[PDB]
Amino acid sequence: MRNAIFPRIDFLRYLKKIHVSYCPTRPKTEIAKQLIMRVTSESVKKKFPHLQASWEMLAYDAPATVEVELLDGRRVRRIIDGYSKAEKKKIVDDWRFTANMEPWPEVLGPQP
Amino acid sequence: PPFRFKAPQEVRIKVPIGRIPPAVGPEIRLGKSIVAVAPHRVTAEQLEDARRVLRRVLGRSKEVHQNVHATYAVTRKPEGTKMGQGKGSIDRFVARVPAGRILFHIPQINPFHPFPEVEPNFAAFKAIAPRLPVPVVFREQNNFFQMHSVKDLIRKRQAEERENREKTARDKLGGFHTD
Amino acid sequence: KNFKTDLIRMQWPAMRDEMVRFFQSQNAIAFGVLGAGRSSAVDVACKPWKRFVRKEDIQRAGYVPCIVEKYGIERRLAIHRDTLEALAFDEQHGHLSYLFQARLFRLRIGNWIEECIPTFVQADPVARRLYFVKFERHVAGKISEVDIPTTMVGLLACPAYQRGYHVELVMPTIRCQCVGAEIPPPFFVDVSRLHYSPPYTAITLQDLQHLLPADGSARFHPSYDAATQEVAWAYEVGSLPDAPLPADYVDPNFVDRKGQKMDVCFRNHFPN
Amino acid sequence: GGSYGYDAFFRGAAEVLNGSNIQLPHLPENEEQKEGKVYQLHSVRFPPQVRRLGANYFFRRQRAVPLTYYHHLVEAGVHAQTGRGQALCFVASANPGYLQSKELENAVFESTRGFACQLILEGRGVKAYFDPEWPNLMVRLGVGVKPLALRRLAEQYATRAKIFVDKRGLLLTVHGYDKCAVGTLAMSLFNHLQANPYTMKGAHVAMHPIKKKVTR
Amino acid sequence: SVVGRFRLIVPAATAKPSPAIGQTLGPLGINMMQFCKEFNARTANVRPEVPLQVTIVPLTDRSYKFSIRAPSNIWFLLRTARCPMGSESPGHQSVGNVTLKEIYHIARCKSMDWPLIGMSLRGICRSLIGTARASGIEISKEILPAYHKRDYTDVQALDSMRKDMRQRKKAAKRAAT
Amino acid sequence: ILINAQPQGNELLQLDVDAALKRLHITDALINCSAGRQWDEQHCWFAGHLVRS
Amino acid sequence: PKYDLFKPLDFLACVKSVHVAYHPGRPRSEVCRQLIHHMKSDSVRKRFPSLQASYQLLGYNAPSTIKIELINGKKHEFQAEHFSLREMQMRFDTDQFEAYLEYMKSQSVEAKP
Amino acid sequence: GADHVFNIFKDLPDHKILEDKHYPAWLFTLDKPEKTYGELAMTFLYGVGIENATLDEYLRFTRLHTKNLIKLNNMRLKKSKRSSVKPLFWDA
RNA sequence: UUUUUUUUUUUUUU
RNA sequence: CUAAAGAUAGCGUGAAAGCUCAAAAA
RNA sequence: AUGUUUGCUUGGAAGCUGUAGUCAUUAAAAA
């Protein structure tokens, strides 16, 4: 920021270790790919020298997994299998151009 | 409590043309202020026009105050009088405004403390400075101190972060011992 | 659901600590920023005043002559312009500051240290210059009358101002009787709680009385009235009552060269 | 010289300090570039054409910081190029600005490809045909108006630049080796080929159309 | 390639060639006879002549496409508050009052829209709140004492004639001055 | 490596001989030119004024 | 007034197809990423809709490679690890300007898709 | 007929009100006034209450600061007489 | 910097 | 790719459309 | 970018012929 003391929020500021695995043959891997590319960038390297990043390519059918190690010592694991912003926009546009108004369940109010 | 003090009244008395004395000391006023640099005469019509322009520019929500009033009377020779037949009739009223005296001021305090990158506003005073028969200079004094500044803290933090980064980078490579 | 949110929530506690530590570190100097437990003293060197030396000479040389006079012999010193003016004029678009006369200068001359406070200042009306500054000693246990400035930094947080009402600072400075070894810092007017009222709203010194030192070294002037001595106002523009001219008003347009009133002012037919 | 002006004498030149900080054309320059800058030596590899500049531009010309220069000369499907087996020139300096001068790129473009420009023609009946052969250029400015003989320009600029016209005759292309020459030629052409704001019958330089006007 | 974007407000299930739609469909050269049919065919499950649906027609170089959505926020808010008009000089004069529960239902209803897909319900709610604020409609837990009736006796069927009566009354009362 | 371990700046003695060569109508001299064997893809030296003719 | 006659040509101007193949995490890999981002930009999409861009991620340690084919049938191949964006353009500027010259001669630059 | 308030479709019932226990918890919390930029600045720039700071407050302060920066730039770059600037902004 | 130059311009920043 | 984007600072039209700037990234 | 052509004047008013207001986006498989 311009007139500020502390920086903005960033999940990469308090991370020790990062690892990502994905299978090329599995769909919905773009998210993982982009993560890899951003993580493995020079700018990130320069900004957070204290970060250890390592990617792997799986040769077996499995979902895209992410394992991170905090500064403190805590560890967590997650899975990332979904669409990207561009794919979501294309999917939304495909349905939007149809223009078929119907009483979707969502429209309806809540009830026990 | 606040009050609306009544302005003085013009003196209908013939007076000499003596000189303008100097100022005693600098006059300090909170908020924006406009002051002269040299001594000169100013007329009530001039002051009223400046007040009207300032009010029109600022608007009806802001408040302004005058620091000089026209009370000194001056005479003029009527058209059709001989060389010397006594003092002439009163012509107009002027105010003896020496150097350093304040003319107008807005007590309004800049609220934007953590924004020192922006200069004050002097459009209202610019709109009337050409009108005045004297050179004027803008002024804006506040209660803001150096000690109470966020710039210093920002600088300090930037330095600290730089140092930290540097240290980290040196330690990573392992070219030197630790501790 | 996304993992970045989770990560950020997990990391927030850690991030908090850094800011906490930074503020603590900042505070450490005293051994909040706006706290009353903050020192304001300055320490500068001086030069001796040589014999057969005029004010003008010193001024031209690039120095400000000064003298020190109470509770001791009369001493003569010279303080660098670039050093003195910097303190004097601590604003980019301001003149002689109020704080200038509310400090504790630790002047150093030869092998001696003098703890003084400026009283008398001779500054140019228009230009920012210093001609002559006098100093007064300060000894522990002796009553010292000092004008402590006020601050209103926290102006943004004013409901009244938010709503579009006009806010003013009546009293720039408050008189105090310092007895202690150090002068209290500038007062802070906490305007965070100031609601608009039809007639008018104001703040007194009773609220600010809690900002004085706990040891009781400082005390406001007895002459003041904490129950009625307002420091700040909040009213609506163009809604004030009419009042007559004060009796102690002097017309500046009828002043003699000597600083005396004109003969005319003594006349019967002399309104105001 | 030695004479004080009235403004600076009496008034003291206070006008310069009577400006407002609003209604500005451009925002103030950010004062971010403070103490703490670290300089580094940058180097760029340019083609071998810059050798035509010679020493008079790299050494004789005075500059704030040194400006070195070296020429790596090497004796002589798919254009599989690498960083070896070819000639080039090394230009290194501490100031990045010196490594972006237009003269260095001109030294290569002038002797490799050169420069070009275009003029678009519009209006009903506006045609740019050709005489039997070059150099003979004629342009018709509307219906009923006599053509314009443009042979003078071409003779002037012979061997420096050339003019081409499409089949349709709606486009005037100019190709040359000299930047100055090219530009001059183009503007010369456009001076007498300028279009009317009302009837809109003429020529114009691309990416700079003229606004239309109507009578009240 | 596309030329731009255009917005329209045409009744759902009941459309015809009128100057309103023509003002947009004329310069474009879009055949209203075809457009009308196409539009109608896609809004069979909507009430006739009552709704004020919003459509967007992104014009193609040659071809054309369009999409439909629900009415505006104010459309909903005014009907819920049972008020013909808004409030002059917002922030000083109050007209209507809507509870949080109705806001919730509004949000839920409005959830189905392309510009809102992926957005939280909470966000929608807060947006609605803001909109209400921007119009001069107070929001609280339950009905306030000053609006216990809340104009419940007034039926919503006569909203158009109430609006026209107010429009003519405001001009008539000031013309005589 | 090749650019950070070589002289930087001007050279009075080089400039004098360059001016003399220009006076003597010598347009074949190359300033700061490298050379090497036939089967060489990298040169480790740069001659002051090299002439190919 | 002042008219701007000459304008520098974009990197992706008069280009038929582009292919990128690199290994993430490899030293000197910024070129690839910058090129990718440029290729998948908004401005590019609008100015040169008929552009075929593609990137590949290698699963093994191998040098970077960039292949560029122009509209006039010319082909070029460079290494991302030994060149820059700026330097690359200077290698094939001649063919790009030849194609742009022919296109300029043949058609107007103010045309739209 | 058309007297519904939560229905736009054809031949469907209107939405009925339910008990407070059925609605989300968060629904009954929006009534409260959110903290202002002035309030939030006191905790981050000055450190009045940093010991009791929260992520939501930090996010709100970060957004409001950029809002202020942009409004500042536009204030200065303004030329027209159109009434679009808060009076408070003018006092800078 | 080019005879480009009645109020019209290009190149290079010297 | 990530991040950020004033109820809207400067052009534009007939009610529109469209462009640019601030902010953000680099 | 989006709610949103938010509101009142106005035959009509989109960010951009007047004026009032001037906040809303990251959140429920958090407990």
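Parameters and conventions
Residues numbered from 1 in each chain as written, not as in the entry; some residues may be left out. Chains lettered and ligands numbered in written order. Part of a larger assembly, values for the part shown. Heavy atoms only, no water. Near = heavy atom within 4 Å. Polar contact = N/O pair within 3.5 Å; in protein donor to acceptor, adjacent residues only side chain to side chain. Helix = DSSP H or I, 4+ residues; strand = E, 2+ residues; numbered from the N terminus. Nonpolar A, V, L, I, M, F, W, Y, C, P; charged D, E, K, R; others polar. Patch = residues over 30% accessible without salt bridge, like charges linked within 9 Å, V, L, I, M, F, W, Y side chains within 5 Å. Areas by Shrake-Rupley, 256 points an atom, 1.4 Å probe, with all protein chains shown as cover. Salt bridge = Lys/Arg side-chain N within 4 Å of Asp/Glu carboxyl O. Buried < 20%, exposed > 50% of the residue type's maximum accessible area, 1.4 Å probe, protein only. Pairing = 2+ DSSP bridges. Axes fitted to C-alpha atoms, helices over the stretch in contact; angles between N-to-C directions. Contact = heavy atoms within 4.5 Å.

For this deposited structure, the header cites cryo-EM as the method used and 2.89 Å as the resolution.

Not every one of the 27 residues close to RNA strand J is listed here, only the nearest: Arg5(E), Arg63(H), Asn73(H), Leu77(H) and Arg82(H). The contact atoms of RNA strand J, taken as those within 4 Å of the protein, divide so that sugar and phosphate hold 78%. Side-chain polar atom of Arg5(E) to a phosphate oxygen of RNA strand J: 2.9 Å apart, as the coordinates give it. A distance of 2.8 Å separates a phosphate oxygen of RNA strand J from a polar atom in the side chain of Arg82(H). A per-element tally of the surface near RNA strand J places helix α2 (residues 55-77) of chain H first, with eight residues. Residue composition of the surface near RNA strand J, by class: four nonpolar, eight polar and 15 charged.

Now for a nonpolar patch on the surface. On the surface, a cluster of nonpolar side chains totalling about 360 Å² of accessible area is made up of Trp95(A), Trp104(A), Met112(E) and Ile117(E). Inspection of the secondary structure puts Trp104(A) in the segment after α3 (85-96). Exposure remark for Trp104(A): the relative accessible area of 36% places this residue in the partly exposed category.

Inspection of the entire model under this criterion finds 54 salt bridges over all chains. In this structure, the salt-bridge partner of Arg96(A) is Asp93(A), at a minimum N-O distance of 3.4 Å. Separated by three residues within a single helix, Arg96(A) and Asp93(A) lie in helix α3, roughly one turn from each other. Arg96(A) gets classed as buried once you look at its relative accessible area, which sits at 14%. Two residues, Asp91(B) and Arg92(B), come together in a salt bridge whose shortest N-O distance is 2.8 Å. Here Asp91(B) falls in the partly exposed class, since its relative accessible area comes to 35%. Residue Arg92(B) is classed as partly exposed on the basis of its relative accessible area, which comes to 32%. It is possible to trace a salt-bridge network through shared partners that takes in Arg157(B), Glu160(B), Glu161(B), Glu18(C) and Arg21(C).

The next subject is the sheet that holds strand β1 (residues 15-22) of chain A. In spatial order, the strands read β2-β1-β3-β4 (chain A); together these four strands make up an open sheet with mixed pairing. Edge positions in the sheet fall to β2 (52-57) and β4 (75-79) of chain A, since each has one partner strand and no second. Each neighbouring strand pair of the sheet contributes to a mean axis angle of 15°, computed without reference to strand direction. The pairing of β1(A) with strand β3 (residues 65-70) of chain A spans six bridges and is classified as antiparallel. Pairing of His19(A) across the sheet is with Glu67(A), part of β3(A). Across the face of the sheet, helix α1 (residues 30-39) of chain A comes into contact with β1 and β2 of chain A while running at roughly 140° to β1(A). Packed onto the sheet, helix α1 (residues 3-27) of chain C meets β1, β3 and β4 of chain A and runs at close to 165° relative to β4(A).

A few words now on the protein's contact with RNA strand I. The environment of RNA strand I is formed by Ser101(D), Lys102(D), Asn106(D), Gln156(D), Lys179(D), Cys180(D), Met187(D), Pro1(G), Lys2(G), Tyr3(G) and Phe6(G). Considering RNA strand I, the proportion of its atoms within 4 Å of the protein that are sugar or phosphate atoms stands at 95%. One nitrogen or oxygen atom from the side chain of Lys179(D) is found 3.0 Å from a phosphate oxygen belonging to RNA strand I. Elements with a minimum of two residues in the surface near RNA strand I: α3 (102-112) and α5 (179-192) of chain D. The element best represented in the surface near RNA strand I is α5(D), accounting for three residues.

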